[PDB]
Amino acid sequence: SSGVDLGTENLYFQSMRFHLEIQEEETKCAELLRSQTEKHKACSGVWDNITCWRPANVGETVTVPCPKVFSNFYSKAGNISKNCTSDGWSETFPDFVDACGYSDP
């Protein structure tokens, strides 16, 4: 660790890393949903649990790893899921903190 790491230019960047990562994921989600707009699926694309849930058809389950941005805070290997039903998307259950073992003391 050096004077470089403690410089205020690096501190400003380091403090924004989680934010930049999440915004980047939100942007990709927006672009994805846009590229699929002509298809009209049963469950349109949504964002929750800081995760993009791509458009889906009835009976599909979308499963993804827990958000990578918080990898260092996870106490177990884990994933999150959402089901597309005839009445829309299910709740994301288990949700992020439960599925992922997120912890910050």
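In this text, residue numbers run from 1 along the sequence as written.
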As the entry reports it, the stretch among 30-38 and 53-61 with higher mean C-alpha B factor is 30-38
Higher avg CA temperature factor (73-81 vs 41-49, as deposited) belongs to 73-81
Chain thirds by Cα B factor, record data; residue 87 belongs to the highest
Split the chain's modelled residues into thirds by Cα B-factor; residue 96 lands in the middle
